[PDB]
Asker: 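Quick one: structure below, then a few questions.
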Amino acid sequence: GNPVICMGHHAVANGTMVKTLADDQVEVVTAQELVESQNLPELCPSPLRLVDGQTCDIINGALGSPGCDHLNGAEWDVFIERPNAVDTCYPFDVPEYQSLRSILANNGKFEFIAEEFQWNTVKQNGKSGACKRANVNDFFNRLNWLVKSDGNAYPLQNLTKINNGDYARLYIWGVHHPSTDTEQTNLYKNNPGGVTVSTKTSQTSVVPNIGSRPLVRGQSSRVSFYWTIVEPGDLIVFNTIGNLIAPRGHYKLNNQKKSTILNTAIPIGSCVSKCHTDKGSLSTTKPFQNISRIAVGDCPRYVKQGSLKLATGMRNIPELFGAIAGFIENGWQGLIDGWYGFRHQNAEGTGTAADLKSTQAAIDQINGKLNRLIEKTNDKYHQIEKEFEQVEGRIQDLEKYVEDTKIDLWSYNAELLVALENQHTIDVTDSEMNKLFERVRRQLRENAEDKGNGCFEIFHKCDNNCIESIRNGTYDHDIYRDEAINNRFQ
Ligand SMILES: CC(=O)N[C@H]1[C@H]([C@H](O)[C@H](O)CO)O[C@@](O)(C(=O)O)C[C@@H]1O
Ligand SMILES: *[C@@H]1O[C@H](CO)[C@@H](O)[C@H](O)[C@H]1NC(C)=O
């Protein structure tokens, strides 16, 4: 009525606080951070193909502005566009600028092919001192500036390019418009001008506009750029009685467009990562991140919280079933080779040993319990714009509201998931502690009594081999039962 065997669990000097459904902060032995809050100060060129626009934004690269020659033939997963990019040619605008930029970015490549346009008597290749290439008056190398004849001759242009190809074609054309009325008549003389680009099923006609506007690049004049898409079977008719900034061919479009554009000043480095934010690339296995809503590729999901700790171990009590932090007073810092174990005392001395089965059962149910849930990847490429220079009204409100709605919902999911999992992890570890206790209780039958602190008083001599027989499940209660019963009740 003298040896004692105690069942218990590990502990460390100082653990990590986590949140559950029932508790704001409970200390557990180990935990894992789920929110990535650190970014690399560079962008990774692998495994995704990054293309640096450098001084050239993507519109100018499609126009063929000066300094945008490297973008010729370029292929990208993510077009990297610099915020300090510069206009290096004739002052222009694009109605539906955003939509053209999106189409260009998503298509993923600059692959121009040449086509010969036989312009009547009009002269071609008009240039300007605004668009100087090596201080030589030049022009958008994808565009043809059509001017009068020498002999004062603006004739009607009607030529048609037919798409009998295997792909959809992208034509970019423009409409010049001047400053007064002499303008227009010393450059196309017909006044007003006008252009009509059309397909089999679609029209587009432009009325040039003439007036004073600021001296940008030293000109009071502008060009307005449009685009037209021609799918296999359709075609495109160029009508102008003046002012048409003709195309020199068409861009080839991919059937499936899987690319996008990232606008950032961050330099391109030599790291490896499949996730890119406008603050830099992310190198992580965490499921969430608080770095930027603007994120492309194989990225963690963006959330509002700066920290969410997932418990990966039991409650930490140094020195639901009510075992851990319950009838078991505290954990054992000395138990370093297991989560649960046995501590005994008999006539020969004392000992602490780990229990493998219970330890392994807990680890199996807790280790990486998230990988089976929050999927793996989340591969997002072309999305929507998420930050804006100036308000625009209706469309911009919706774009912002959609993203704000998405973020709140995922932040909610992240919060609930962690509290839920942690609640479950704590219950599992408490559960396994008391399964171990109950296992040993059942082994001992009538030979021992529960002392109330996770310990059994064993009512017979139990030497080291006897103790080990209890720990490894070979203890035969019938051997000691006579001795034990006599000690218990007499
Ligand atoms: C095709 C053509 O006529 N190009 C000429 C332009 C246009 O007349 C204006 O840009 C129209 O506003 O004007 C220049 O003075 C310039 O800006 O360098 C000379 C140039 O040769
Ligand atoms: C992201 O979280 C970290 C703390 O983990 C914090 O320092 C940082 O400011 C957060 N980023 C935000 C709030 O944009």
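All values below come from the heavy atoms of this structure, side chains included, with hydrogens, waters and symmetry mates left out. We're numbering straight along the sequence, starting at 1.
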Asker: Looking at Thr196, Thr240, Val237, which one forms a side chain to side chain contact (heavy atoms under 4.5 Å, CB included) with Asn158?
Answerer: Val237
Asker: Pick out which of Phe140, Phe139, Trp119, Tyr188 makes a ring pair (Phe, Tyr, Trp, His ring centres under 6.0 Å) with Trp145.
Answerer: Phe139
Asker: Are side-chain heavy atoms of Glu421 and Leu417 found at a separation under 4.5 Å?
Answerer: yes
Asker: Got a salt bridge between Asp77 and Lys258, using NZ or NE/NH1/NH2 to carboxylate O under 4.0 Å?
Answerer: no
Asker: Going by distance alone, is a donor N or O of one side chain under 3.5 Å from an acceptor N or O of the other, for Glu415 and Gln305?
Answerer: yes
Asker: Will you find, in the side chains of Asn72 and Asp69, an N or O donor that is under 3.5 Å from an N or O acceptor?
Answerer: no
Asker: Whether the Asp408 and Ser411 side chains hold a donor-acceptor pair (N or O, under 3.5 Å, no angle test) is what I'd like checked.
Answerer: no
Asker: Check whether any side-chain heavy atom of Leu146 sits under 4.5 Å from a side-chain heavy atom of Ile245, and report yes or no.
Answerer: no
Asker: Scan side-chain atoms only and decide if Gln157 and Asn120 contain a donor-acceptor pair under the 3.5 Å cut-off.
Answerer: no
Asker: Could you report the tightest heavy-atom contact between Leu43 and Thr277, atom names first, then the distance?
Answerer: CD2-O, 3.9 Å
Asker: State plainly whether the residues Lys109 and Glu75 are in salt-bridge range, i.e. N to O under 4.0 Å.
Answerer: no
Asker: Side chains of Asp93 and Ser224 only: does a donor on one sit below 3.5 Å from an acceptor on the other?
Answerer: yes
Asker: Is there a side-chain contact between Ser99 and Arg101, using heavy atoms and a 4.5 Å cut-off?
Answerer: no
Asker: May I ask you to establish whether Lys161 and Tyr171 are in a cation-pi arrangement, using a distance under 6.0 Å from NZ or CZ to the six-membered ring centre and at most 45° from the ring axis?
Answerer: no
Asker: If you look at every heavy atom in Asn137 and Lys132, which pair is closest and at what distance?
Answerer: OD1-NZ, 2.6 Å
Asker: Taking the side chain as everything from C-beta on, heavy atoms only, tell me whether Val51 gets closer than 4.5 Å to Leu71.
Answerer: yes
Asker: Any luck finding a side-chain donor-acceptor pair between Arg248 and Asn125 under 3.5 Å?
Answerer: yes
Asker: Counting only heavy atoms not in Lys127, do more than 12 sit closer than 6.0 Å to its NZ atom?
Answerer: yes
Asker: Return the orientation label for the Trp173 and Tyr226 ring planes: parallel under 30°, perpendicular over 60°, tilted otherwise.
Answerer: parallel
Asker: Within the structure provided, determine whether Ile266 and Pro41 are in side-chain contact (heavy-atom separation under 4.5 Å).
Answerer: no
Asker: Of all the heavy-atom pairs spanning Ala31 and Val18, show the shortest one and how long it is.
Answerer: CB-CG1, 3.9 Å
Asker: Can you tell me how far apart CG (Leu335) and OG1 (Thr359) are? Round to the nearest 0.5 Å.
Answerer: 7.0 Å
Asker: Could you tell me if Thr182 and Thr185 have a donor-acceptor pair between their side chains, going purely by distance under 3.5 Å?
Answerer: no
Asker: Which heavy atom of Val195 sits nearest to which heavy atom of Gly242, and what is that distance?
Answerer: CG2-O, 3.5 Å
Asker: Would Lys369 and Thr425 count as having a side-chain donor-acceptor pair, cut-off 3.5 Å?
Answerer: yes
Asker: Between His382 and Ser102, does any side-chain donor sit less than 3.5 Å from a side-chain acceptor?
Answerer: yes
Asker: Look up atom CG in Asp379 and atom NZ in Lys274, then write down how far apart they are to the nearest 0.5 Å.
Answerer: 5.0 Å
Asker: In Å and rounded to the nearest 0.5 Å, what is the CG to NZ distance from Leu170 to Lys252?
Answerer: 13.0 Å
Asker: Will you find, in the side chains of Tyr251 and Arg142, an N or O donor that is under 3.5 Å from an N or O acceptor?
Answerer: yes
Asker: Are any of the side-chain nitrogens in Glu399 or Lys386 under 4.0 Å away from the carboxylate oxygens of its partner?
Answerer: no
Asker: Compute the ring centroids of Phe112 and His250, then answer whether they are less than 6.0 Å apart.
Answerer: no
Asker: Hey, are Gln360 and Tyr340 close enough side-chain-wise for a donor-acceptor pair under 3.5 Å?
Answerer: no
Asker: Taking C-beta and beyond as the side chain, do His276 and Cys44 meet within less than 4.5 Å on heavy atoms?
Answerer: yes
Asker: Hey, what do you get for NZ (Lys380) to SG (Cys275), rounding to the nearest 0.5 Å?
Answerer: 11.5 Å
Asker: Assess, by modelled atom type and distance only, whether the side chains of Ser212 and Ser179 contain a donor and an acceptor separated by less than 3.5 Å.
Answerer: no
Asker: Indicate whether the side chain of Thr429 and that of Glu432 have a donor and an acceptor atom separated by less than 3.5 Å.
Answerer: no
Asker: State, to 0.1 Å, how close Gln390 and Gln396 come at their nearest heavy-atom pair, and which atoms those are.
Answerer: O-NE2, 2.9 Å
Asker: Are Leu420 and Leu21 side-chain neighbours, meaning at least one heavy-atom pair lies under 4.5 Å?
Answerer: yes
Asker: Looking at every non-hydrogen atom in both residues, tell me the closest pair between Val122 and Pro155 and how far apart they are.
Answerer: CG1-CD, 3.6 Å
Asker: Check the side chains of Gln184 and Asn243 for a donor-acceptor pair under 3.5 angstrom, ignoring hydrogens and angles.
Answerer: yes
Asker: Could you check whether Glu231 pairs with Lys200 (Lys NZ or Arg NE/NH1/NH2 to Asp/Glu carboxylate O, under 4.0 Å)?
Answerer: no
